[PDB]
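First comes the structure, then the notes that go with it.
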2 protein chains.
Amino acid sequence: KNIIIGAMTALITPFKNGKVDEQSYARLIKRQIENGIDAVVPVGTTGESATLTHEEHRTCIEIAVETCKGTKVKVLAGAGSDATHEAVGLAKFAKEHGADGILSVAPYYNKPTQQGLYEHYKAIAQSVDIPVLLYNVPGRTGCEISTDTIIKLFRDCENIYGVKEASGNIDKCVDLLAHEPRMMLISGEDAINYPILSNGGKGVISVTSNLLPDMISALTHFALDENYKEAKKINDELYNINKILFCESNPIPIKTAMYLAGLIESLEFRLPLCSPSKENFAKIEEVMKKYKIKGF
Amino acid sequence: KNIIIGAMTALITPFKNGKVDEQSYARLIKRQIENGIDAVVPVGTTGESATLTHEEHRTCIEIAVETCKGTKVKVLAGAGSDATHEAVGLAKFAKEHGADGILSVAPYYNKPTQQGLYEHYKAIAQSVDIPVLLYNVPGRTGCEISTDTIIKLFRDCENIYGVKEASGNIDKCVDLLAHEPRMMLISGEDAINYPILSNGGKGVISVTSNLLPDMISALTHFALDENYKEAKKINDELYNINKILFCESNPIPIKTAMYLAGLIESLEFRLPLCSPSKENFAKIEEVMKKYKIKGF
Ligand SMILES: NCCCC[C@@](N)(CC[C@](N)(CCCCN)C(=O)O)C(=O)O
Ligand SMILES: [Mg+2]
Ligand SMILES: [Mg+2]
Ligand SMILES: [Mg+2]
Ligand SMILES: [Mg+2]
Ligand SMILES: [Mg+2]
């Protein structure tokens with residue numbers, strides 16, 4: 001299978017006066033490239049995929065593709081939807097506009113059955129010829145792609161090569177790689193990046209790497225090179241920031257931290273997301289002081 | 001406050017060859033009217049709001065408004081979204097096209113904070129002058145509108161008049177009505193319609209009433225008159241069908257039952273929803289044989 005693995009960043013989407021700040025978006029991607037990241041994910045959950053229009057979503061994918069061209073950094077485009085026809089349209093767009101692969105979150109809200117999830121992802125994978133990474137995040141979607149469904153999709157659909165797991169369930173990570181060791185398990189939960197990698201996971205799609213791309217990329221590369229002592233050392237050092245970035249729903253804390261570090265111009269969200277509480281604003285700012293934050 | 005209460009139906013959306021069957025849709029609404037229902041909810045969760053286009057969503061609202069003219073039956077239009085700008089657009093459409101009020105599900109997937117939920121619903125409520133019913137269903141959205149937030153919205157926004165609770169939490173139902181007895185608590189969980197109504201709830205937005213509108217209507221009107229013996233008897237009789245209609249994710253079982261009763265011509269869903277398993281198809285049919293199902 002063709003694969004996209006390694007240290008990857010779920011890019012925040014900066015806004016200016018209610019619109020996507022496209023110059024800021026490209027500048028932040030260049031900063032990821034300069035700090036060892038292997039791939040970027042435009043317009044995942046961290047990118048406020050829910051509140052972008054379909055046109056803005058496509059613009060962000062195009063910016064990522066253009067900014068990474070000529071570098072060895074890949075674009076794994078966010079393309080998920082709770083409607084299969086919408087996810088297929090996003091998948092086809094990402095393929096036609098030069099993305100290296102797509103990330104596709106399990107349908108939120110409408111709670112498909114396992115049979116429905118299988119048919120959903122099969123429709124997506126058959127619509128393109130680029131790699132497709134499944135994405136399980138039951139705390140947000142209300143459904144879980146079971147281990148059996150993931151493995152069947154991996155074995156039945158050429159392009160489906162692994163899953164981004166954001167479920168806090170290391171038992172399921174063992175289950176997945178014990179029964180299908182050929183798939184690419186990707187960590188979608190920063191605090192447990194190292195445990196997922198040490199069990200044979202092959203990358204991360206990180207929120208924290210927006211702020212600390214050098215540290216997340218180093219953790220991942222230490223682990224892939226089997227230097228577990230050094231990978232665990234960074235995972236341990238990052239625990240405090242990894243947890244504080246979820247003190248309110250992602251991406252409210254990471255955007256707050258990016259603003260506090262001077263990496264984006266304005267702390268702007270699209271409703272229903274909004275600024276953190278004053279208390280959480282202070283906690284994020286306090287935790288950040290312990291870390292060296294790279295500039296541009 | 002202007003209110004929409006009583007026995008209400010979360011309408012299924014029938015499809016024919018992948019398009020909304022608009023003739024079937026009107027016929028199903030007329031059947032609800034003739035069987036004692038007080039209001040209909042086009043394109044809620046049960047109506048596959050996630051997989052309709054915005055244009056199809058608007059078409060269904062219009063069919064409902066047209067079909068209810070000249071009757072006592074109100075149209076509480078589904079207008080929720082995980083993006084505030086989309087929810088405001090739907091609210092404004094429902095207002096301008098003659099809906100009596102709107103239902104507005106808590107944002108799914110992006111997990112707004114309580115502050116964000118407050119700002120989301122305040123924007124929606126200020127965009128129209130018709131009644132707004134909040135809708136809480138954490139199992140589907142990944143978030144929940146806390147009691148404090150519901151009550152603050154009820155007290156702060158003239159047209160927010162209550163909440164449809166689908167959370168299986170009768171303690172919260174006591175909490176809501178003990179601290180703000182003026183609000184309209186609406187059951188969004190058929191199995192516990194009678195317990196919610198007997199604690200002072202003022203209506204239901206029902207899945208089961210798609211199939212058994214006369215029974216849900218009678219249960220609700222018995223309860224509203226404090227004829228609790230009769231209301232409980234119907235709630236008890238309905239328990240088996242109420243539970244089997246959730247043996248797979250709603251609306252897969254209710255659409256299956258409507259098809260099994262000849263009330264819709266095709267057992268068609270939009271992916272990622274799909275037909276139930278053969279075993280659940282047979283289980284649904286077996287439970288249906290115990291109930292008296294009205295025709296057209
Ligand atoms: N990634 C950019 C598009 C975002 C669109 C949407 N806000 C809504 C998607 C939708 N399927 C629209 C249905 C419209 C008719 N009700 C949904 O709200 O579920 C989402 O997927 O979260
Ligand atoms: Mg590299
Ligand atoms: Mg996605
Ligand atoms: Mg009227
Ligand atoms: Mg709604
Ligand atoms: Mg009667």
Side-chain angles (χ1 to χ4, degrees), chain A residues 5-14 21 23-42 44 46-47 64 67-68 71-73 186-198 201 203-248 250-268 275-276 278-296:
Chain A
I5 59 169
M8 316 184 238
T9 295
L11 299 168
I12 59 151
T13 303
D21 187 341
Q23 296 79 16
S24 177
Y25 200 64
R27 195 183 187 193
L28 291 169
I29 291 168
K30 295 178 184 296
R31 177 172 173 274
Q32 295 291 312
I33 298 170
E34 282 285 307
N35 280 283
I37 291 288
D38 301 313
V40 295
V41 179
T46 308
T67 306
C68 293
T71 79
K72 91 201 299 273
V73 180
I186 303 299
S187 173
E189 182 168 345
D190 274 296
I192 63 168
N193 283 338
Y194 167 76
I196 288 176
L197 294 170
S198 70
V204 308
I205 290 167
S206 174
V207 174
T208 300
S209 63
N210 281 279
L211 187 67
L212 307 168
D214 54 320
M215 303 189 69
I216 292 289
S217 76
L219 187 167
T220 305
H221 298 148
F222 276 127
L224 291 174
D225 286 340
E226 298 179 75
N227 194 332
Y228 290 170
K229 179 185 174 189
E230 292 310 308
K232 171 183 154 58
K233 178 181 163 303
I234 299 173
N235 200 73
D236 290 344
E237 191 179 332
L238 290 173
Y239 187 83
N240 285 344
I241 185 73
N242 285 340
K243 298 303 290 188
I244 206 69
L245 288 174
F246 291 78
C247 67
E248 305 191 6
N250 174 60
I252 294 171
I254 183 59
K255 265 196 159 173
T256 302
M258 297 292 280
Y259 168 79
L260 283 165
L263 301 171
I264 59 180
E265 181 175 343
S266 61
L267 187 48
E268 272 185 57
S275 285
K278 284 123 172 73
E279 290 79 6
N280 282 331
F281 188 93
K283 284 189 55 134
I284 296 162
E285 166 161 53
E286 178 163 325
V287 173
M288 292 170 66
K289 293 295 202 228
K290 309 297 182 301
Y291 299 90
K292 162 187 159 181
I293 301 165
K294 292 287 207 288
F296 291 108

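Residue numbering restarts at 1 for every chain, and letters A, B, ... go by the order of the sequence lines.
- Of the possible donor and acceptor atoms, one in the side chain of A:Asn235 sits under 3.5 Å from a partner among the backbone N and O of A:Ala191.
- The side-chain heavy atoms of A:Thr208 and A:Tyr291, taken from C-beta on, include no pair separated by under 4.5 Å.
- At least one side-chain heavy atom of A:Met8 sits under 4.5 Å from a side-chain heavy atom of A:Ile186.
- Between A:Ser24 and A:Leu263 the shortest heavy-atom distance is OG-O, 4.4 Å.
- Salt-bridge annotation for A:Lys30 and A:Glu34: absent, with no side-chain N of the basic residue lying under 4.0 Å from a carboxylate O of the acidic one.
- Of all heavy-atom pairs spanning A:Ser209 and A:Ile37, the tightest one is CB-CD1, 4.2 Å.
- In this structure, A:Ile264 CD1 and A:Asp21 CG are separated by 9.0 Å, a value rounded to the nearest 0.5 Å.
- Of all non-hydrogen atoms in A:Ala7 and A:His221, the two that sit nearest each other are CB-NE2, 4.3 Å.
- Annotation: side-chain hydrogen bond (donor to acceptor under 3.5 Å, both in side chains) contacts involving residues 223-232 of chain A, sequence neighbours excluded, comprise A:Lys232-A:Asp236.
- Applying side-chain hydrogen bond (donor to acceptor under 3.5 Å, both in side chains) to A:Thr46 and the options A:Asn250, A:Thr13, A:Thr9, A:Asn210 leaves one that passes, A:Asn250.
- Each salt bridge (charged side-chain N to carboxylate O under 4.0 Å, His left out) pair with one or both residues in residues 279-290 of chain A, not counting sequence neighbours, would appear here, but there are none.
- Considering all non-hydrogen atoms of both residues, A:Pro14 and A:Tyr25 come closest at CD-CD1, 3.5 Å.
- To the nearest 0.5 Å, atom CZ of residue A:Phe296 and atom CG of residue A:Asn35 are 11.0 Å apart.
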Open item on the list: side-chain contact (heavy atoms from CB on, under 4.5 Å), that's the test. Do A:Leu211 and A:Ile254 meet it? Break it down for me.
Closed with: CA-CA 7 Å; A:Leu211 187 67; A:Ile254 183 59; 3.9 Å; yes

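- Atom CZ of A:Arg31 has more than 12 heavy atoms from other residues, nucleotides or ligands within 6.0 Å.
- Closest approach of A:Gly201 and A:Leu224 over heavy atoms only: O-CD2, 4.1 Å.
- Under a cut-off of 6.0 angstrom, the local environment of OH in A:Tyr259 is sparse, with at most 12 non-hydrogen atoms contributed by other residues, nucleotides or ligands.
- For the residue pair A:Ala257 and A:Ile284, the shortest heavy atom distance occurs at CB-CG2, 4.0 Å.
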